[PDB]
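Here's the structure, in structure tokens; my notes come after.
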Amino acid sequence: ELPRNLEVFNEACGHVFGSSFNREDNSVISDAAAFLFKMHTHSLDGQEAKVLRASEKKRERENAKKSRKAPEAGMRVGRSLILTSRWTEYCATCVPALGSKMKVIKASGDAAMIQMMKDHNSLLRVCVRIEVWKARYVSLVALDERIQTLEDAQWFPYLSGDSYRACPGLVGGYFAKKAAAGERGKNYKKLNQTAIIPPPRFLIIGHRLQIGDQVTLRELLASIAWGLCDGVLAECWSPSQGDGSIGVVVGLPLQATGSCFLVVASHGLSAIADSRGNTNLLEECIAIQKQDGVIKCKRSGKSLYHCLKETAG
Amino acid sequence: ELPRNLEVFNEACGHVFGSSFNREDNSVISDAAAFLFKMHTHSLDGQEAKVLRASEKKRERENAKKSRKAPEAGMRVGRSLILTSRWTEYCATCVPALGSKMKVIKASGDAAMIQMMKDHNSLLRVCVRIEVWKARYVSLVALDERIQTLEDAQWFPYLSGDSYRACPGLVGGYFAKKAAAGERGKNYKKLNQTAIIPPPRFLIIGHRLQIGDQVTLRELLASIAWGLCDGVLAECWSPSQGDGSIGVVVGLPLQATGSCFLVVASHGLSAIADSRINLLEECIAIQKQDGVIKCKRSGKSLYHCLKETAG
Amino acid sequence: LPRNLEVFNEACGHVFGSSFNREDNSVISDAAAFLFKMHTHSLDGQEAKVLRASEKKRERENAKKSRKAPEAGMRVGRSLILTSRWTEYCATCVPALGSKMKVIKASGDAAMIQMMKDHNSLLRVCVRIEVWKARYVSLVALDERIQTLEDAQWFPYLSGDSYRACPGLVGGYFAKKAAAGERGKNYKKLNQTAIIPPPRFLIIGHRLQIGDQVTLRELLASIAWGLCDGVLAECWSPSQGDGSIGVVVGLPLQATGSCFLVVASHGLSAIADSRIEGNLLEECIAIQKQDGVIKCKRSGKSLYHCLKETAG
Amino acid sequence: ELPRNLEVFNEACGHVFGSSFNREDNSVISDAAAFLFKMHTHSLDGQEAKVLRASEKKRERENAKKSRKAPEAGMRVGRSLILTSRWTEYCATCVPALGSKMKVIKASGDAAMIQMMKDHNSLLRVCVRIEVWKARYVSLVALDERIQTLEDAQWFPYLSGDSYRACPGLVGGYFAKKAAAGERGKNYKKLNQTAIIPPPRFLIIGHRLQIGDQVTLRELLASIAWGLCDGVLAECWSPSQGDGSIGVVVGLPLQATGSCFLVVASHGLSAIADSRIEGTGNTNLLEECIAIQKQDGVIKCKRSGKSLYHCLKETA
DNA sequence: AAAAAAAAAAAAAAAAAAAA
DNA sequence: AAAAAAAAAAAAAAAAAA
């Protein structure tokens, strides 16, 4: 009925949170996904330490983490999630042992082990996507102090190393900065900061975001952009005739590509980083694909977070 | 009627330095503050050894410090401070034992011990504020060699770990950099290199800095900024009749809003450094007796401005 | 004509019959590419590159070897048709896979040595033609590998054989590696903008010169590429009704270029350019004309964008 | 008679190059030092391969290196250096095995092994210094294409990873770039680009560069600066009364102390990486000074405003 | 505000520790 | 000048690699 990824995510969430997992709230799904991701990187207290090439301080931190008691059952997580007594069984069963690699499992040849590893990787990917989406949603109302210049804002979102490894094409941060600065291999992916990510309640059902869906302005905006993208993207929403909290998606932005403006030095010339302004820099236009067709909407010239705050005024 | 914070420091300084402690000389107050800070941090000779996890060299240094003869009455600390015979009693009775933690003091329930611990903590905060002000004052005429590039200049003042542990919001340095390069949370504080610190002679008596109070140019400049800040801040000081190295404050700069107005390039649009928006035309907001005014930046560091205007 | 061009002309004739037009850039480029593939044993039914090939590479080489070879009359490009003689040529002139000049020299066979030298010259000519075609293509559509000036510095990006044949002109990954290798007498500096006559001029030894009828795109490709400065367009003047034909009025200098930086040291201030001391869009290029060198102000836009705007 | 480092370098060069090692030429000493460095890093053909964490291409390259025959006795290196028949014995004896670490040897406790490891470390450092000096000397007459902007020139000289590991305080390149960009630990060292490196003929003798020494202009300049440094440094040379090709050193430049023209942002203002440049002035830039310590005393010499390489070319 | 908690008597170059 | 060597055929998601 559903692909492997969504099926495994639903199974894991149901097993670990029992009946307390709501399937129609973005925050609850996000909390469940974040908790599950924590459960799969060997980061929770009482899990195997990371000491392969750990510095003395890292050795101490990992030893302290290992010594500390693991989370107990019946524990409240997030706002409306309560662990079930059988979460330990799922953790012991479906969680690969620390250091597990696909090469070793394939050499062993165990079909069950291979399937469990595939499910683990798929759940990692789905939870990383949900966590990036929730990061976008948070940035729509609460600015991050770390981001202070376009040079820093270029690497948003800031996420842990395992998050970068799972989805290098979507997750930025320190690891993405190092990868971009270092040698670029065959597996290098450029940080597609504004990739489309369906909301949590759709990302676990497979219903791809599209026109006609009934969604809130904040959730749609965090899906298609983040806190510091231009406010013109707000045009992609239309309030409904009812309460107005949940509207309808009318159109989605289109990703422009190409058209480099560099001019390499030759015959005694000097390089030009950008050939280009004020009039076009301010107004500008963005291509929004609607049901009727593509429309060029002039950019509002302001941050999305500022636009949302002003509208809330 | 001074707050307990300043009362504790005044009493300690009196007990430790007799009449030699002048409450009107900034250098003397600073020397006494540093002395009290090193005493209450267990760094004076003959004090307990920091050998909880000391390395070989650090273990040897701590053992030598413990073995070394402790300071005696009549010792000269600075230029115009002399220890008294009561300093030994003050250290024995007021300084908490090495490694003492407020958890154990609260668990014991002794009200006197809790009061002593609170007094020690407040005294450390006061002495750290005074030390930060002294670092700002010194850097107005002689810059730290560790400051070579904007990255290094972003972390002034460079004070030891204990100082940062006392007032995280003011002291920069290696520990501030480490905290910056580590985890962040509610308990995390931001280094405010230009947070207003009243001068020592004004700090220990509770007098807040305000327009119209007699101060020196260096005093105000260190009390509102440091050596490498834009020279425009010098406008906050105006000499009196005949100057005489003493003037008056005419304003106090306002702080910058932390709101970020960036708009990152996306979907083909062009990135904007400031949605609201020349470099030498920027203005600072000064709160004067009348109201807020805008003063154009000078473009030169206070250190260089003082060097050039010295003669 | 020099043997370097004579070998290419003879091979092209023997392979393509009379269909090999010698006055069209596209036809010559297609023929050169086909000959380069033939002499690299990259065609169907040719040898297999299995010295150290990995499992998948080994399998693909085996499949290519087993795959049927091209037959006479095959249509290559748009206006080139193979001749039955080509096989014989491919049987004789093409060196066996893995043959090294050391073994040929040790053998002492004069015929084999001459064949190897002819093969090397043919490879050099084919690589030059491929570089010109790459510039021509880049003049309309840009490769995505070039996003920053650092990546643009190594254009064109060609295989290792291309760099080996003509290290002076070809760049790519192998040129990047050689830059980090070491410096010596054999070391040749990359010249991204060397004057290469169009294929219709190269195979006949028609060195580009002022007064030669050439298309604007032809001249731009032969003396520049897509991302160069648009001011180079000053070197071409149209004719009656243009009609994609004009004339060369001048050529840019060979563009040696020296670095005039002065890095800060011992407290002195860094200088980004020694000459400028005492404006970014005011820079000018030197063009040698029939009369003398002239300074032409830069346009500030890449040649690609200039051409795109001119088209529409 | 001489420190440990110079003694071990002389011993190694004498053992490896026999009597063909000319002790009074810069180029010959540089070639010998570079060859010793390559031998001691296990990069000569016929030495252990580096495969601990090697990528497939690196594995192939190292396997090819291992398979190839090692250099034979009498092979010509550089210009006037010929290997002796006993170089293989020295390479096998004095070169620590690939992956050798000082911790393992210290745990073993073998005095001979510890001494050999210390000698290898010292020779690595001396050869790195010689090769850095030679890179400078080459930059005085042959520009580098890699250096197109001040950002790139900030990392000169470029050298291999082991070269950076041996002498982080002088060697730049990719590895210094990575260290600076990444976390800065307790062992981090800034690139002292223009440190004073006595010529290789003195660097192997211990005669520190100082006033009164007879040296060429090119060698002295490469010792106290590199290709793109300011031209005023040429004032540190005084042509002799004879031919004038080879002169004497009068004074050495002093690493400036006091230039802190930064202006950090505060109260909404913006940082200034350098006051003079942002001042939009040229008068100061043409009237700078450099503090040359001479025999009589310190002197302030006005900067010539042109690259050292260009000044050398124009003089010739 | 309450809580929690490394050659300018004392800040470059070379050495022993650590390790394109 | 020589030697040494979703615009029949260019993003998103999956199985390979990590």
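Naming works like this for the structure tokens: A, B, ... for the chains as they're shown, residue 1 at the start of each chain, ligands 1 onward in shown order.
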Using only C-alpha atoms (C1' of nucleotides), find each residue in chain E having at least one atom no more than 12 Å away from chain B; report its shortest atom-to-atom pair and that distance in Å (one decimal), rows by chain then rising number, as CSV.
residue,atom,partner,partner_atom,distance
E:3,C1',B:187,CA,10.0
E:4,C1',B:187,CA,7.9
E:5,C1',B:165,CA,7.6
E:6,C1',B:174,CA,9.0
E:8,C1',B:145,CA,10.0
E:10,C1',B:78,CA,11.6
E:11,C1',B:145,CA,6.6
E:12,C1',B:145,CA,11.0
E:17,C1',B:57,CA,11.2
Just N, CA and C atoms (P, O5', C5', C4', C3', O3' and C1' of nucleotides) for this one: save the residues we selected as a PDB file, in the first residue's frame.
ATOM      1  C1'  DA E   3      18.952  28.683  39.981  1.00  0.00           C
ATOM      2  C3'  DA E   3      20.060  27.534  41.731  1.00  0.00           C
ATOM      3  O3'  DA E   3      20.163  26.351  42.504  1.00  0.00           O
ATOM      4  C4'  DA E   3      19.080  28.540  42.319  1.00  0.00           C
ATOM      5  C5'  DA E   3      19.621  29.411  43.424  1.00  0.00           C
ATOM      6  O5'  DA E   3      18.799  30.548  43.645  1.00  0.00           O
ATOM      7  P    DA E   3      19.222  31.669  44.695  1.00  0.00           P
ATOM      8  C1'  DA E   4      23.213  25.419  37.843  1.00  0.00           C
ATOM      9  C3'  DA E   4      23.824  23.844  39.518  1.00  0.00           C
ATOM     10  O3'  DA E   4      24.196  22.497  39.762  1.00  0.00           O
ATOM     11  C4'  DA E   4      22.311  24.013  39.485  1.00  0.00           C
ATOM     12  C5'  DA E   4      21.643  24.199  40.823  1.00  0.00           C
ATOM     13  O5'  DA E   4      22.232  25.269  41.546  1.00  0.00           O
ATOM     14  P    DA E   4      21.604  25.776  42.920  1.00  0.00           P
ATOM     15  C1'  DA E   5      29.095  25.111  37.389  1.00  0.00           C
ATOM     16  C3'  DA E   5      29.403  22.949  38.288  1.00  0.00           C
ATOM     17  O3'  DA E   5      30.181  21.764  38.325  1.00  0.00           O
ATOM     18  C4'  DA E   5      28.320  22.899  37.220  1.00  0.00           C
ATOM     19  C5'  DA E   5      27.038  22.235  37.646  1.00  0.00           C
ATOM     20  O5'  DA E   5      26.494  22.889  38.784  1.00  0.00           O
ATOM     21  P    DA E   5      25.739  22.077  39.927  1.00  0.00           P
ATOM     22  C1'  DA E   6      45.324  24.302  28.616  1.00  0.00           C
ATOM     23  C3'  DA E   6      46.585  23.483  30.442  1.00  0.00           C
ATOM     24  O3'  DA E   6      47.690  22.708  30.885  1.00  0.00           O
ATOM     25  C4'  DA E   6      45.311  22.662  30.295  1.00  0.00           C
ATOM     26  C5'  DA E   6      44.529  22.431  31.563  1.00  0.00           C
ATOM     27  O5'  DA E   6      44.182  23.658  32.188  1.00  0.00           O
ATOM     28  P    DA E   6      43.843  23.724  33.744  1.00  0.00           P
ATOM     29  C1'  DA E   8      58.638  44.699  24.447  1.00  0.00           C
ATOM     30  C3'  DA E   8      59.283  46.912  24.963  1.00  0.00           C
ATOM     31  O3'  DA E   8      58.918  48.276  25.074  1.00  0.00           O
ATOM     32  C4'  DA E   8      59.792  46.545  23.578  1.00  0.00           C
ATOM     33  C5'  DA E   8      61.230  46.897  23.285  1.00  0.00           C
ATOM     34  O5'  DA E   8      62.124  46.199  24.137  1.00  0.00           O
ATOM     35  P    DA E   8      63.676  46.110  23.791  1.00  0.00           P
ATOM     36  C1'  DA E  10      56.472  38.960  37.014  1.00  0.00           C
ATOM     37  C3'  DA E  10      56.372  36.654  36.534  1.00  0.00           C
ATOM     38  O3'  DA E  10      55.587  35.496  36.310  1.00  0.00           O
ATOM     39  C4'  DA E  10      56.751  36.846  37.994  1.00  0.00           C
ATOM     40  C5'  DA E  10      57.920  36.031  38.488  1.00  0.00           C
ATOM     41  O5'  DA E  10      59.093  36.286  37.730  1.00  0.00           O
ATOM     42  P    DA E  10      60.498  35.679  38.171  1.00  0.00           P
ATOM     43  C1'  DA E  11      53.297  38.873  26.873  1.00  0.00           C
ATOM     44  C3'  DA E  11      52.315  36.920  26.002  1.00  0.00           C
ATOM     45  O3'  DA E  11      51.482  36.297  25.039  1.00  0.00           O
ATOM     46  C4'  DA E  11      51.576  37.329  27.265  1.00  0.00           C
ATOM     47  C5'  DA E  11      51.296  36.233  28.260  1.00  0.00           C
ATOM     48  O5'  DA E  11      52.492  35.675  28.779  1.00  0.00           O
ATOM     49  P    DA E  11      52.489  34.920  30.180  1.00  0.00           P
ATOM     50  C1'  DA E  12      59.231  35.683  18.429  1.00  0.00           C
ATOM     51  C3'  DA E  12      58.404  34.088  16.908  1.00  0.00           C
ATOM     52  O3'  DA E  12      58.474  33.480  15.629  1.00  0.00           O
ATOM     53  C4'  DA E  12      57.449  35.270  16.964  1.00  0.00           C
ATOM     54  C5'  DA E  12      55.983  34.945  17.093  1.00  0.00           C
ATOM     55  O5'  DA E  12      55.667  34.436  18.379  1.00  0.00           O
ATOM     56  P    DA E  12      54.156  34.377  18.880  1.00  0.00           P
ATOM     57  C1'  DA E  17      57.080  16.487  25.004  1.00  0.00           C
ATOM     58  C3'  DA E  17      56.845  14.205  24.340  1.00  0.00           C
ATOM     59  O3'  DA E  17      56.310  12.955  24.738  1.00  0.00           O
ATOM     60  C4'  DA E  17      58.224  14.453  24.933  1.00  0.00           C
ATOM     61  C5'  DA E  17      59.382  13.842  24.185  1.00  0.00           C
ATOM     62  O5'  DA E  17      60.594  14.543  24.423  1.00  0.00           O
ATOM     63  P    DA E  17      61.955  13.753  24.666  1.00  0.00           P
TER      64       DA E  17
END
Please run DSSP on the backbone and report, as a ChimeraX atom specification, all residues within range 51-283 of chain A that come out as alpha helix (DSSP H).
/A:56-67,87-94,102-108,111-139,150-153,161-166,174-181,200-203,217-224,278-282
Only residues of chain A matter here; which ones have an atom within 6 Å of chain B, counting only C-alpha atoms? Give them as a ChimeraX atom specification.
/A:228-229,255-256,302-303
Contact residues around residue 133 in chain A with only C-alpha atoms (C1' of nucleotides) at 9 Å, ignoring same-chain residues under 3 positions, as a PyMOL selection string
chain A and resi 30+128-130+136-138+197-200+222-223+226
Residues of chain A within 12 Å of chain D, only C-alpha atoms counted, as a tab-separated table (two decimals) with C-alpha atoms, in the first residue's frame:
chain	number	residue	atom	x	y	z
A	55	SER	CA	40.15	12.39	21.66
A	174	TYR	CA	29.86	22.20	9.86
A	175	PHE	CA	30.10	18.88	8.03
A	177	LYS	CA	31.13	23.27	5.08
A	178	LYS	CA	34.07	20.90	5.49
A	179	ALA	CA	32.91	18.72	2.59
A	181	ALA	CA	35.93	23.09	1.33
A	182	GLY	CA	37.62	19.70	0.91
A	183	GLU	CA	38.13	17.61	-2.19
A	185	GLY	CA	34.50	13.28	-4.93
A	264	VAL	CA	37.76	34.95	-16.23
A	265	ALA	CA	40.82	37.15	-16.64
A	270	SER	CA	41.09	40.85	-14.14
A	271	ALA	CA	38.44	38.44	-12.93
Fewer than 6 positions away in the same chain doesn't count, so skip those; otherwise give me all residues within 10 Å of range 143-147 of chain C, counting only C-alpha atoms (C1' of nucleotides), as a ChimeraX atom specification.
/A:258-262 /C:134,137,153-157,226-227 /F:10
Å distance separating CA of residue 34 in chain D from CA of residue 4 in chain D, one decimal place:
19.3 Å
Residue 19 in chain E: which residues within 10 Å, counting only C-alpha atoms (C1' of nucleotides), same-chain residues fewer than 5 positions away excluded, as a VMD selection string?
chain D and resid 101 to 102 165 to 166 187
Could the residues in this selection be saved with C-alpha atoms as a tab-separated table (two decimals), in the first residue's frame?
chain	number	residue	atom	x	y	z
D	101	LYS	CA	55.39	6.05	16.00
D	102	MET	CA	57.46	7.47	18.84
D	165	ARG	CA	53.46	18.01	9.67
D	166	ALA	CA	57.22	18.26	10.16
D	187	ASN	CA	49.65	22.55	18.92
Report as CSV: every residue of chain D with an atom at most 7 Å from chain E, its closest pair of atoms, and their distance in Å to one decimal, counting only C-alpha atoms (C1' of nucleotides), with rows sorted by chain and ascending residue number.
residue,atom,partner,partner_atom,distance
D:158,CA,E:20,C1',5.8
D:159,CA,E:20,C1',5.6
D:160,CA,E:20,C1',5.8
D:173,CA,E:20,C1',7.0
Can you pull out every residue within 10 Å of residue 220 in chain C, counting only C-alpha atoms (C1' of nucleotides), but drop anything in the same chain fewer than 3 positions away, and send it as a PyMOL selection string?
chain C and resi 135-136+139+214-217+223-226+228+230+232-233+235-236+303
How would the residues just picked look written out with N, CA and C atoms as a compact mmCIF listing (two decimals), in the first residue's frame?
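Below is the file that was written, result-v2.txt:
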# COMPACT_ATOMS: atom_id res chain seq x y z
N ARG C 135 35.46 24.55 -27.18
CA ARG C 135 35.29 26.00 -27.04
C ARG C 135 34.05 26.48 -27.79
N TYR C 136 33.87 26.01 -29.02
CA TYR C 136 32.72 26.43 -29.81
C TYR C 136 31.42 26.08 -29.11
N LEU C 139 30.69 28.22 -26.14
CA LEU C 139 30.29 29.57 -26.50
C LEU C 139 28.77 29.75 -26.53
N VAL C 214 35.93 34.75 -41.64
CA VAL C 214 35.59 33.77 -40.61
C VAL C 214 34.33 34.24 -39.90
N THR C 215 33.52 33.29 -39.46
CA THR C 215 32.32 33.61 -38.70
C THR C 215 32.69 34.20 -37.34
N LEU C 216 31.81 35.06 -36.83
CA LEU C 216 32.04 35.65 -35.52
C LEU C 216 32.23 34.58 -34.46
N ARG C 217 31.35 33.57 -34.46
CA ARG C 217 31.50 32.47 -33.52
C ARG C 217 32.80 31.71 -33.78
N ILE C 223 39.93 32.19 -30.66
CA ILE C 223 40.79 33.09 -29.89
C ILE C 223 40.23 33.32 -28.49
N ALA C 224 39.19 32.59 -28.11
CA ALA C 224 38.58 32.75 -26.79
C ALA C 224 37.57 31.63 -26.61
N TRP C 225 36.83 31.68 -25.50
CA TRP C 225 35.78 30.70 -25.23
C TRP C 225 34.60 31.42 -24.59
N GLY C 226 33.66 30.64 -24.06
CA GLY C 226 32.37 31.19 -23.69
C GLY C 226 32.44 32.22 -22.57
N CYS C 228 34.98 34.12 -21.59
CA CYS C 228 35.93 35.21 -21.74
C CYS C 228 35.19 36.55 -21.77
N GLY C 230 33.68 39.95 -23.30
CA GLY C 230 33.00 40.26 -24.55
C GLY C 230 33.74 41.25 -25.42
N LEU C 232 36.45 41.02 -26.72
CA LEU C 232 37.11 40.34 -27.83
C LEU C 232 36.29 40.41 -29.11
N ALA C 233 34.98 40.65 -29.00
CA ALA C 233 34.15 40.79 -30.19
C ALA C 233 34.64 41.93 -31.08
N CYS C 235 37.38 42.20 -32.35
CA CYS C 235 38.32 41.67 -33.34
C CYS C 235 37.65 41.23 -34.64
N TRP C 236 36.32 41.21 -34.69
CA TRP C 236 35.58 40.74 -35.85
C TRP C 236 34.68 41.85 -36.38
N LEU C 303 31.08 36.52 -22.43
CA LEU C 303 30.75 36.36 -23.84
C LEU C 303 29.46 35.59 -24.02
Run DSSP on the backbone and grab whatever in range 211-308 of chain A lands in strand (DSSP E or B); send it over as a PyMOL selection string.
chain A and resi 216+230+237-238+246+248-249+251-253+263+272+286-290+294-297+303
Include C-alpha atoms and write out the residues we just selected as a JSON list (two decimals), in the first residue's frame.
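Result went into part.json, see below:
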[["chain", "number", "residue", "atom", "x", "y", "z"],
["A", 216, "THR", "CA", -1.53, 26.21, 7.11],
["A", 230, "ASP", "CA", 12.17, 36.04, 0.55],
["A", 237, "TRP", "CA", -1.12, 30.28, -0.05],
["A", 238, "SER", "CA", -4.74, 31.42, -0.04],
["A", 246, "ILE", "CA", -5.94, 26.20, 7.23],
["A", 248, "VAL", "CA", -5.26, 25.81, 0.30],
["A", 249, "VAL", "CA", -2.12, 25.49, -1.81],
["A", 251, "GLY", "CA", 0.96, 27.24, -6.59],
["A", 252, "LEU", "CA", 4.50, 26.15, -5.83],
["A", 253, "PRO", "CA", 7.79, 27.94, -6.54],
["A", 263, "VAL", "CA", 34.33, 36.56, -16.46],
["A", 272, "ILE", "CA", 34.90, 39.64, -12.23],
["A", 286, "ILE", "CA", 10.03, 34.47, -9.06],
["A", 287, "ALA", "CA", 8.39, 31.80, -11.22],
["A", 288, "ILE", "CA", 5.46, 30.20, -9.39],
["A", 289, "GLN", "CA", 3.80, 27.24, -11.10],
["A", 290, "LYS", "CA", 0.05, 27.41, -10.48],
["A", 294, "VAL", "CA", 3.48, 29.76, -14.54],
["A", 295, "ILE", "CA", 3.26, 33.28, -13.11],
["A", 296, "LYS", "CA", 6.07, 35.76, -12.45],
["A", 297, "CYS", "CA", 5.58, 37.31, -9.00],
["A", 303, "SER", "CA", 12.76, 38.07, 4.93]]
Report as a ChimeraX atom specification the set of chain B residues whose atoms approach chain D to within 10 Å, with distances computed over only C-alpha atoms.
/B:142-145,147-151,153-154,181,192-194,225-231,233,253-258,279-286,297,299-304
Residues of chain C within 12 Å of chain F, counting only C-alpha atoms (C1' of nucleotides) - could you list those as a ChimeraX atom specification?
/C:56,98-102,105,117,120,141-145,160-161,163-165,167,186
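Taking CA of residue 203 in chain A and CA of residue 7 in chain A as endpoints, the distance between them is 11.2 Å.
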Would you give me, as JSON, numbers by chain, the residues of chain A that come within 12 Å of chain F, using only C-alpha atoms (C1' of nucleotides)?
{"A": [3, 4, 5, 100, 101, 102, 103, 118, 121, 122, 125, 162, 164, 165, 166, 167, 168, 169, 185, 186, 187, 188, 189, 190, 192, 195, 196, 197, 254, 255, 256, 257, 258]}
Given only C-alpha atoms as the counted atoms, nearest of D:299, D:147, D:51, D:249 to chain C
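Nearest candidate to chain C out of D:299, D:147, D:51, D:249: D:147.
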